[PDB]
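The chain below stands alone and is given in structure tokens; this is the form solved without this ligand.
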């Protein structure tokens, strides 16, 4: 599958580690190491190991090979807890606030997401709320134009929340089903980001007390621990309702999906396993685990 690189250490990769081995602390240490190198993280790895030890003992397993099935079980539960799909229907418009750092995929994810919704029969409108990042504003505009998707964009530096308020206002008038709004992502000024996003979320209430219907964080799987810290940061700034993991193909640090799931508990909406529009796959825990573990 596309997850071929993460499989060296996770899922299928466990088999080679367990081959012929007996169950002792030496083995759990070897596994712990593999999990940490895979970016599962200290806390999640400590949790996985203990659960697995209690399980391998209270079922009297002396054979290491059998841990593959028990790993599949506990890691499956971790992803299952954040397996709630994004349902963007019944609103006018359904506002998705896209938060996250620059160069993490946001603008690209926005384009892919818009194409997917339109492919389902719903009109989309974009809002360039990252008003200072002139490259990103430009990108959404030219792209939206050639895709016949209205893009609400204003002068460089205009108040983000105003652009988005105008975008929501316009969306309601033009009967748009989904409005996807971009935001500025500069962690360099922690509390400014918090106050900025807080203003955005508040100004929205003037036109709809339900907006935003979705606060989506986009993070890059290939940046391992960076993806986790970023999530923690945005988790404390805004009310994240969904997360999107991009660039899962091509990185052996794929275990980060378990770290971001276990530590925050926020629904993983989409998983990026390639560069095509269909590659921004709606996240299904069971399908992911099955492919992670498939020999």
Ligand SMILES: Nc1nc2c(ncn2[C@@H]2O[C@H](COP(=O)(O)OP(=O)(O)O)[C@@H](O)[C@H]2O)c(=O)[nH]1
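Residue numbers count along the first chain shown, from 1. Only the largest set of C-alpha atoms that superpose within 1.5 Å between the two forms is called the rigid core.
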- [ ] Taking the mean of the C-alpha B-factors per stretch from the entry, tell me the winner out of 286 to 294 and 3 to 11.
- [x] 3 to 11
Task: Greater mean Cα temperature factor according to the PDB record, 229 to 237 or 49 to 57 - done: 49 to 57
Task: Criterion, highest CA B-factor; candidates, 206, 190, 122, 91 - done: 190
Task: Given 109, 175, 131, 147, the residue at which the Cα B factor reaches its maximum - done: 175
Open item on the list: Please place residue 118 in the lowest, middle or highest third of its chain according to the CA B-factor in the PDB entry.
Closed with: middle
Open item on the list: Among the modelled residues of this chain, does the Cα B factor of residue 77 put it in the lowest, middle or highest third?
Closed with: middle
Task: CA B-factor placement of residue 184, once the chain's modelled residues are sorted into thirds - done: middle
TODO: Sorting the chain's modelled residues by C-alpha B-factor, tell me whether residue 194 ends up in the lowest, middle or highest third.
DONE: highest
Task: Ranked C-alpha temperature factor of residue 103 among modelled chain residues, by third - done: highest
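There is another form of this protein, the form deposited with this ligand bound, and it is not shown here; the text below is about that form.
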- [ ] Classify residue 103 as contacting or not contacting this ligand in the deposited bound form by the rule of any non-hydrogen atom within 4.5 angstroms, answering yes or no.
- [x] yes
Task: Partner proximity in the deposited bound form: residue 249 to this ligand, non-hydrogen atom cutoff 4.5 Å - done: yes
Open item on the list: I'd like to know if residue 91 sits close to this ligand in the deposited bound form, meaning any non-hydrogen atom pair within 4.5 angstroms.
Closed with: no
Task: residue 213, heavy atom within 4.5 angstroms of this ligand in the deposited bound form - done: no
Task: Which of 227 to 235, 25 to 33, 260 to 268, 240 to 248 sits within 4.5 Å of this ligand in the deposited bound form, heavy atom basis - done: 240 to 248
- [ ] Superpose on the rigid core, then report which one of 145, 189, 169, 162 has a CA displacement of at least 2 angstroms between the shown form and the other one.
- [x] 189
Open item on the list: Between the shown chain and the other structure, the Cα gap of residue 191 to residue 152 differs by 3 Å or more. Is it closer or farther in the deposited bound form?
Closed with: closer
Task: Direction of Cα pair change residue 191-residue 160 in the deposited bound form, magnitude 3 angstroms or more - done: closer
